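Let me begin by presenting the structure, written as structure tokens, before commenting on it.
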Amino acid sequence: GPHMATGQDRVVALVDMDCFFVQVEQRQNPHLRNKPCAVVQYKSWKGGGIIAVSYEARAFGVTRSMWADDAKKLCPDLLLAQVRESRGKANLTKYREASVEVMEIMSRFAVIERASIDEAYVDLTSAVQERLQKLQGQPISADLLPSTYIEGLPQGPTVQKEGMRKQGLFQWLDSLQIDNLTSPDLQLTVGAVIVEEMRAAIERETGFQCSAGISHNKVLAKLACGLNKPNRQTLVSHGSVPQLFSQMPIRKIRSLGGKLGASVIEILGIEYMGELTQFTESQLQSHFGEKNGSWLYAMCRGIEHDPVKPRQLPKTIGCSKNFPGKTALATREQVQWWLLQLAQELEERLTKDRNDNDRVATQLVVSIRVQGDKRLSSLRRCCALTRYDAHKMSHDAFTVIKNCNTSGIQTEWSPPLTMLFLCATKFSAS
DNA sequence: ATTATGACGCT
DNA sequence: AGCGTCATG
Ligand SMILES: [Mg+2]
Ligand SMILES: [Mg+2]
Ligand SMILES: [Mg+2]
């Protein structure tokens with residue numbers, strides 16, 4: 001009744017750049033614009049591995065994690081851009097720099113949480129209150145929402161996509177109560193107006209297009225963002241949740257696309273998120289633990305409390321390279337050379353980070369994988385990071401991992417290493 | 001022979 | 001601390 005909380009206290013947006021690395025390459029090279037194109041890492045093995053795909057290329061079935069040679073079988077005219085290689089490894093600096101450009105624009109509208117290289121959550125609650133105060137009870141025109149979809153509409157008693165979008169928006173706006181400054185639906189709508197403005201600013205000032213979701217929490221905003229891509233935004237209201245979730249596979253909700261989600265499905269014998277409502281909070285906690293159970297109980301009703309953290313910068317700065325199959329490192333010279341390459345890239349990135357962001361990392365994490373281990377990381381060990389010096393950092397990493405060499409010989413390394421990873425962590429202001 | 005990251009939970 | 005899970009450009 002009146003005391004059952006409904007999780008409608010915040011306005012949260014998730015902004016996600018469309019096919020991000022592709023857009024960075026298309027800005028730089030106009031010949032790639034409005035073409036089926038993909039971004040690849042490396043080239044010798046099967047043409048390189050695709051990591052980002054333009055929407056034109058997706059129409060042919062090209063996806064991430066596909067080898068370029070196979071993508072070319074699906075789309076012979078596919079255009080490819082290669083990630084830069086420095087010190088023998090992929091170097092993602094261009095995309096990190098482009099990400100900073102976008103995150104700085106977003107931060108003008110509200111405090112953001114950098115969730116990944118190309119996506120950020122936005123807490124718009126206060127900005128919405130402000131814009132509502134300025135509105136003075138004036139209604140929201142559909143002209144202010146030119147790329148917004150309202151999930152679940154139109155409904156009830158034209159065969160073109162834009163026409164359907166507009167009918168849904170008109171139904172939504174007609175049902176809006178514009179005088180209640182505390183109406184959650186009105187707050188979401190104003191949030192969407194703000195996000196239209198933020199997305200327009202990103203495109204004007206960078207050239208990059210993005211999609212966005214607007215809802216009452218991070219999980220719904222992320223889900224909403226995915227409903228209409230690319231270059232569109234979607235409002236998921238609290239009221240839209242029962243219908244949306246009634247046919248939503250559990251794996252589509254963030255955090256449930258892996259083992260936990262598969263166990264929800266198998267243990268409870270359900271398929272869709274809405275089916276979770278039939279279980280008590282204690283039942284869900286008994287199966288999935290106290291934290292997961294309470295989270296599932298609320299989430300399946302559209303309610304989630306995780307805050308938008310005020311954090312625009314990554315918490316760690318890392319450098320990683322796999323040495324698959326026959327390229328695995330089997331000599332101490334090899335291991336030292338690659339640790340040095342990784343450490344030199346890490347030093348460059350850390351020095352730039354210290355100048356830009358007034359902080360210093362204090363912990364170096366070294367991770368390796370040995371040949372034949374199913375896990376992605378075979379061993380992880382930390383040591384002190386007291387100086388931004390690549391030779392020191394690589395020597396320290398070698399000292400930390402050298403007891404892993406099973407070889408009786410000091411020159412050989414066995415079993416050979418299939419992955420090296422150096423990560424700087426535990427930043428302190430300076 | 002996917003790869004290169006990056007966040008966060010568990011114990 | 002070191003490990004596992006989830007994401008997924
Ligand atoms: Mg994206
Ligand atoms: Mg993203
Ligand atoms: Mg993606």
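First the proteins, then the strands, lettered A, B, ... as listed; each starts at 1. Only this structure's heavy atoms are used, side chains among them; waters, hydrogens and symmetry mates stay out.
- Side-chain proximity of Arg380(A) to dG2(C), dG9(C), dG9(B): nearest is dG2(C).
- Around NZ of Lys392(A), the count of heavy atoms belonging to other residues, nucleotides or ligands within 6.0 Å exceeds 12.
- The interatomic distance linking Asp306(A) (CG) with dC8(B) (P) rounds to 8 Å, in whole Å.
- Of the charged side-chain nitrogens involved, at least one lies within less than 4.0 Å of a carboxylate oxygen, so that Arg165(A) and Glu162(A) count as a salt-bridged pair.
- Look at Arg349(A) and you'll find a side-chain N or O under 4.0 angstrom from OP1 or OP2 of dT5(B).
- Using a 4.5 Å heavy-atom threshold, the side chains of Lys89(A) and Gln341(A) count as separate.
- A gap of 14 Å separates the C1' atoms of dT3(B) and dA7(C), to the nearest Å.
- In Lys35(A), the NZ atom is not crowded: 12 or fewer heavy atoms of neighbouring residues, nucleotides or ligands sit closer than 6.0 Å.
- For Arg311(A), a side-chain nitrogen or oxygen approaches OP1 or OP2 of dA7(B) to under 4.0 Å.
- Checked against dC3(C), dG6(B), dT2(B), the side chain of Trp67(A) finds its nearest nucleotide in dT2(B).
- Here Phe21(A) does not pack flat against the base of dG9(C), since the 5.5 angstrom centre distance and 30 degree tilt limits are not both met.
- If you take CE of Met66(A) and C1' of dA1(B), they are 16 Å apart, rounded to a whole angstrom.
- Taking side-chain N and O atoms only, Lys89(A) has a distance below 4.0 Å to OP1 or OP2 of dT5(B).
- Comparing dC8(B), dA4(B), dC6(C) by their nearest atom to the side chain of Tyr42(A) picks out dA4(B).
- Here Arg96(A) reaches the OP1 or OP2 of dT5(B): one of its side-chain N or O atoms lies under 4.0 Å away.
- Between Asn322(A) and the phosphate of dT2(B), there is no side-chain N or O to OP1/OP2 separation shorter than 4.0 Å.
- For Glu113(A) and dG6(B), the CD to P distance is 15 Å, given to the nearest whole Å.
- Across all strands shown, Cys319(A) has heavy atoms under 4.0 Å from sugar-phosphate atoms exclusively, and none from any base.
- Comparing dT2(B) with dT8(C), their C1' atoms are spaced 12 Å from each other, to the whole Å.
- Under a 3.5 Å cut-off, the side chain of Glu151(A) and the backbone N or O of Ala224(A) do not form any donor-acceptor pair.
- At the heavy-atom level, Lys222(A) lies under 4.0 Å from the strands shown only through sugar-phosphate atoms.
- Using a cutoff of 4.0 Å between basic side-chain nitrogens and carboxylate oxygens, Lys352(A) and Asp356(A) are scored as salt-bridged.
- Checking the phosphate oxygens (OP1, OP2) of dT5(B), no side-chain nitrogen or oxygen of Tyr95(A) falls inside 4.0 Å.
- Looking at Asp69(A) and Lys72(A), no side-chain N of the basic residue comes within less than 4.0 Å of a carboxylate O on the acidic one, giving no salt bridge.
- Between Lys291(A) and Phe421(A), the one whose closest nucleotide on DNA chain B sits nearer the 5' end is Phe421(A).
- Regarding contacts with the backbone of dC8(B), a side-chain N or O of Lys315(A) is found under 4.0 angstrom from either OP1 or OP2.
- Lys43(A) places its NZ atom 17 Å from the P atom of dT2(B), with the value rounded to the nearest Å.
- One donor-acceptor pair, N or O on each side, does fall under 3.5 Å between the base of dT2(B) and the side chain of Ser65(A).
- Side chain of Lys259(A), nearest nucleotide from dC6(C), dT3(B), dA7(C): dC6(C).
- For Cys382(A), the side-chain atoms get nearest to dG2(C) when compared with the rest of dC10(B), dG2(C), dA7(B).
- Atoms CG (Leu376(A)) and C1' (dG4(C)) sit 11 Å apart, rounded to a whole Å.
- Not one side-chain nitrogen or oxygen of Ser255(A) sits closer than 4.0 Å to the OP1 or OP2 atom of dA7(C).
- Rounded to whole Å, atom P of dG6(B) lies 11 Å from atom CG of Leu350(A).
- When rounded to the nearest whole Å, the span between CE of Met103(A) and P of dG6(B) equals 12 Å.
- Looking only at distances, no side-chain donor or acceptor of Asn231(A) sits under 3.5 Å from a matching main-chain atom of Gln209(A).
- In this structure, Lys309(A) atom NZ and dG6(B) atom P are separated by 18 Å, rounded to whole Å.
- Residue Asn292(A) is classed as having no contact, given no heavy-atom separation below 4.0 Å to the nucleic acid.
- Here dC6(C) is the nucleotide among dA4(B), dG2(C), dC6(C) with the atom lying nearest to any side-chain atom of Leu260(A).
- OP1 or OP2 of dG4(C) has at least one side-chain nitrogen or oxygen of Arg375(A) nearer than 4.0 Å.
- Residue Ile317(A) is classed as a sugar-phosphate contact, given heavy-atom separations below 4.0 Å to backbone atoms only.
- Looking at heavy-atom distances under 4.0 Å, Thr327(A) makes contact with a base.
- Two residues, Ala115(A) and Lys321(A), neighbour DNA chain B, and the one matched to the more 5' nucleotide by heavy-atom proximity is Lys321(A).
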